[PDB]
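What follows is one chain in structure tokens, specifically the form solved without the ligand.
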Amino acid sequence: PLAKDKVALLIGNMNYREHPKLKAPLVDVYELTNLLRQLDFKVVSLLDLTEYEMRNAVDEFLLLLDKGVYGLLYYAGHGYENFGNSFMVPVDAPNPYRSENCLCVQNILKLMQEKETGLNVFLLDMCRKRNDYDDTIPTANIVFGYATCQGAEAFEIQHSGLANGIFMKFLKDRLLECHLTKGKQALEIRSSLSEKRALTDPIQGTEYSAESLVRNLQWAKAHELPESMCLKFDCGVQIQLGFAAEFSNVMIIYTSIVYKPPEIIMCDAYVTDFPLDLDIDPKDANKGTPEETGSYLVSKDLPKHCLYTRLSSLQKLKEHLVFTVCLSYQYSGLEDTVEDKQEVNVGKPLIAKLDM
């Protein structure tokens, strides 16, 4: 068959405020978005959403689900279940959980089933609490997937490894064209298909469509990365300031000295003074690999020799992304290093441009 569009939303919640902090979602969201973009999906990938951010994100995904489109929703993070109703827990949720602070899976699912979409895929990779087992209880083209592990230890053991994410295996094996570890865990996959649907089905391809143009530009607005800069410093140094997206809400910056002038024999440069809403620890800025910042991106896909800084949390940017690049310089016979600065405005990078 054909897809009228291919749209995907991936949420990975990790940095929980009142609950144990998970680690696996970063990896598996990155890997699955890589897969999905190779399958022609436009993808949003958001780490660490609070209830409000998470609800706004899901609502705009649901607003893109239209007659004939193929929609994938993926969640990883803490979940709970009560009485047949499963809940995705946002990172700001209190302890104990409540339904009031959480997004109910079944509500998203009944809204996905409403649309007359050509394929709905909804995959959940939940860490349950230890004792939170299933309860005693009494369409469109749909694939529902639901994985559980009991406890963060079992979750993080089973998700340890590269490439071994349950739903990425499932989609590769079953929707195109990892040892069992200790603990309690479960997988549920349910499907109802009128005809065969696959993620490799062509998009119904338009030369001349306003609707297609709107869909592409609405997503592309949320993914404008800053136009990489080279800063002139008046002492004759030039510092190159480069950018990369790791997620829709995570940007890596990389600073490098592109040259020193004749008179300067020692030079060093770095970034500081980021917006407070992003909560950047400066010990996790200015590192000598992007791996040291906590990025999936490596020093062999990002360019060499830079100081690397990871700006996560870009959806929390109230205003403009503004920072100071600092220079240290030392003249050919001088006893002391000179310091210099310039302030950079970087705009509203990535999902920060939605301004919500």
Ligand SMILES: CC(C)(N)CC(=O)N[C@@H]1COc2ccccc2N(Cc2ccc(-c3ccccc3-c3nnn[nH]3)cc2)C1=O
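Numbers for residues come from their place in the sequence shown, where the first is 1.
The same protein has a further form, the form deposited with the ligand bound, not shown here; the description that follows concerns it.
- Counting ligand atoms within 2.4 Å of backbone or C-beta atoms, the overlay of the ligand from its pose in the bound PDB entry onto the shown chain yields 3 or more, and the pocket is blocked.
- Between 108 to 116, 278 to 286, 125 to 133, 232 to 240, the stretch whose residues reach within 4.5 angstroms of the ligand in the bound PDB entry through a non-hydrogen atom is 125 to 133.
- The single contact residue among 252, 171, 271, 149, judged by any heavy atom lying within 4.5 Å of the ligand in the bound PDB entry, is 149.
- Checked against the ligand in the bound PDB entry, the candidates 85, 204, 164, 200 yield a single residue with a heavy atom inside 4.5 Å, and that residue is 164.
- Within 4.5 Å of the ligand in the bound PDB entry, a heavy atom is found for none of 244, 308 and 310.
- By the criterion of a heavy atom within 4.5 Å, residue 346 is excluded from the residues contacting the ligand in the bound PDB entry.
- Looking at residue 90, you'd find every heavy atom of it more than 4.5 angstroms from the ligand in the bound PDB entry.
- Taking non-hydrogen atoms only, residue 31 never approaches the ligand to within 4.5 angstroms in the bound PDB entry.
- At the 4.5 Å threshold, heavy atoms of residue 21 reach the ligand in the bound PDB entry.
- Between the C-alpha atoms of residue 28 and residue 172, a gap narrowed by no less than 3 Å is obtained in the bound PDB entry, as opposed to the form on display.
- Figure legend: C-alpha atoms of residue 164 and residue 27, shown here, are separated by at least 3 angstroms less in the bound PDB entry.
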